[PDB]
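As a plain string of letters, each chain reads:
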Number of protein chains: 6
Amino acid sequence: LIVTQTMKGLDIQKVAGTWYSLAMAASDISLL
Amino acid sequence: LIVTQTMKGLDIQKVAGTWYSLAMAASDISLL
Amino acid sequence: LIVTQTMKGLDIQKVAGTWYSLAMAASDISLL
Amino acid sequence: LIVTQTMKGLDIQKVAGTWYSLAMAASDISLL
Amino acid sequence: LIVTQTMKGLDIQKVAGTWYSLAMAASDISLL
Amino acid sequence: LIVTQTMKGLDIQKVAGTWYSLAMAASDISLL
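Residues numbered from 1 in each chain as written, not as in the entry; some residues may be left out. Chains lettered and ligands numbered in written order. Heavy atoms only, no water.

The title given for this PDB entry is "Cryo-EM structure of beta-LG fibril".

Here you go:
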């Protein structure tokens, strides 16, 4: 399993809330 | 399994809520 | 399992909340 | 400039010669 | 400039010669 | 300039010659 996530030139503002993570990756990801 | 996710030149604002993650990838992803 | 996450040129402001982590990665990630 | 080159499951033998490089990438590449 | 080169599961034998490098990357690469 | 080169599970034998380097990377690489 190979994962390649690149982000370039982003503009994030006024993110009031529960910002988890812009980018995430794993072998098994589940949200209960 | 090969995953290639690239993001360039994004503009995000006024994201009040539960922003999880702009980009995510895994072997098995499930949402209960 | 290989993970490569690169971020270049980001602008984050006004992030009042529970900012967890811009980028995260593991073998098994779950949110209860 | 973003470059993502992944190679998986290769079989190379009997390569007598001037093997330069299986995969290469740069901003400006020229061969004189 | 972002470069991501991953190689997994390779089999190289009988490479008599001038093996330079399986994978290479730079800002400016030229061969005279 | 960001370079990420990962190699996993390789098998190299009978490499009589001038093996330079499996993986290499720099700002400016030239071969005269």
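This is not the end of the story, as more comes after the structure.
(A) Representation of the overall build of chain A in the model. Within chain A, the secondary structure is distributed over zero helices and two strands. Projected onto the principal axes, the alpha-carbon positions of chain A cover approximately 35 × 30 × 5 Å. A total accessible area of about 730 Å² is found for chain A, and carbon and sulfur atoms account for 50% of it. (Helix = DSSP H or I, 4+ residues; strand = E, 2+ residues; numbered from the N terminus. Areas by Shrake-Rupley, 256 points an atom, 1.4 Å probe, with all protein chains shown as cover.)

(B) A look at the interface of chain A and chain B. Across the boundary between the two partners, chain A contributes 32 residues, which contact 32 residues of chain B. Between chain A and chain B, a total of about 2,700 Å² is buried, with carbon and sulfur atoms accounting for 53% of that surface. The three residues of chain A that bury the most area against chain B are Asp11, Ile29 and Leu31 of chain A, which together make up 20% of that side's buried surface. The interface formed by chain A and chain B includes zero salt bridges. Joining chain A to chain B, the criterion identifies 36 residue pairs in polar contact. (Contact = heavy atoms within 4.5 Å. Buried area = accessible area lost by both parts, 1.4 Å probe. Salt bridge = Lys/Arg side-chain N within 4 Å of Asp/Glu carboxyl O. Polar contact = N/O pair within 3.5 Å; in protein donor to acceptor, adjacent residues only side chain to side chain.)

(C) Focus on the sheet that holds strand β1 (residues 2-13) of chain F. With respect to topology, three strands assemble into an open sheet ordered β1(D)-β1(E)-β1(F), the strand pairing being parallel. Of all strands in the sheet, those with a lone pairing partner are β1 (2-13) of chain D together with β1 of chain F, marking the two edges. With strand direction ignored, the average angle separating the axes of adjacent strands in the sheet is 0 degrees. (Pairing = 2+ DSSP bridges. Axes fitted to C-alpha atoms, helices over the stretch in contact; angles between N-to-C directions.)

(D) How the structure looks around the relation of the copies chain A and chain D. Between chain A and chain D, which share one sequence, the superposing operator has a rotation angle of 179 degrees and an axial displacement of 2.4 Å; the RMSD is 0.0 Å. The fraction of interface residues of chain A whose copies in chain D are also interface residues reaches 100%, indicating that both copies meet through the same surface. (Least-squares fit on C-alpha atoms.)

(E) Summary view of unusual backbone geometry. One non-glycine residue, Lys14 of chain B, lies in the positive phi region at around 55 degrees. With respect to the element layout, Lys14 of chain B can be found in the loop between β1 (2-13) and β2 (23-31).

(F) Structural detail: the packing of aromatic side chains. Following the criterion strictly, the structure yields eight aromatic pairs over all chains and no others. An angle of 0 degrees between the planes, with centres 4.9 Å apart, marks the rings of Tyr20 of chain A and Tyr20 of chain C as stacked. With one member in each of two chains, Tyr20 of chain A in the loop between β1 (2-13) and β2 (23-31) and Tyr20 of chain C in the loop between β1 (2-13) and β2 (23-31) form a pair that bridges those chains. By relative accessible area, which is 49% here, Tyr20 of chain C ends up partly exposed. Of the aromatic side chains, those joined through ring pairs into one cluster are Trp19 of chain A, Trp19 of chain B together with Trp19 of chain C. (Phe/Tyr/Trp six-rings, centres within 6.5 Å; stacked < 30°, edge-to-face > 60°. Buried < 20%, exposed > 50% of the residue type's maximum accessible area, 1.4 Å probe, protein only.)

(G) Molecular detail of the arrangement of the chains. Of all C-alpha pairs spanning chain B and chain E, none lies closer than 10 Å, and the two are not in contact. The smallest C-alpha distance separating chain D from chain F is 8 Å, and no contact links them.

(H) Inspection of the interface of chain A and chain D at higher detail. Taken together, the contact between chain A and chain D spans four residues of the former and five residues of the latter. Counting each side, the surface lost to burial between chain A and chain D is near 400 Å², with a carbon and sulfur contribution of 64%. Per-residue buried area on chain A facing chain D is highest for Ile2, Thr4 and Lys8 of chain A; these three make up 78% of the total on that side. Our count for the contact surface shared by chain A and chain D stands at zero salt bridges.

(I) Inspection of empty space enclosed by the protein at higher detail. In total, this model carries one cavity of 30 Å³ or more according to the counting rule given. Looking at the largest cavity, its volume works out to about 50 Å³. Lining the largest cavity, in full, are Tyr20, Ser21 and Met24 of chain D, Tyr20, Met24, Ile29 and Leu31 of chain E together with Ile29 and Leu31 of chain F. Elements supplying a minimum of two residues to the lining of the largest cavity: β2 (23-31) of chain E together with β2 (23-31) of chain F. It is β2 of chain E that contributes the most residues to the lining of the largest cavity, three residues altogether. Residue composition of the lining of the largest cavity, grouped by class: eight nonpolar, one polar and no charged. (1 Å grid on protein atoms, 1.4 Å probe; cavity = no way out; pocket = protein on both sides within 12 Å on 5 of 7 lines; lining within 4 Å. Points joined across faces, edges and corners; volume = space filled by probe spheres on them. Nonpolar A, V, L, I, M, F, W, Y, C, P; charged D, E, K, R; others polar.)

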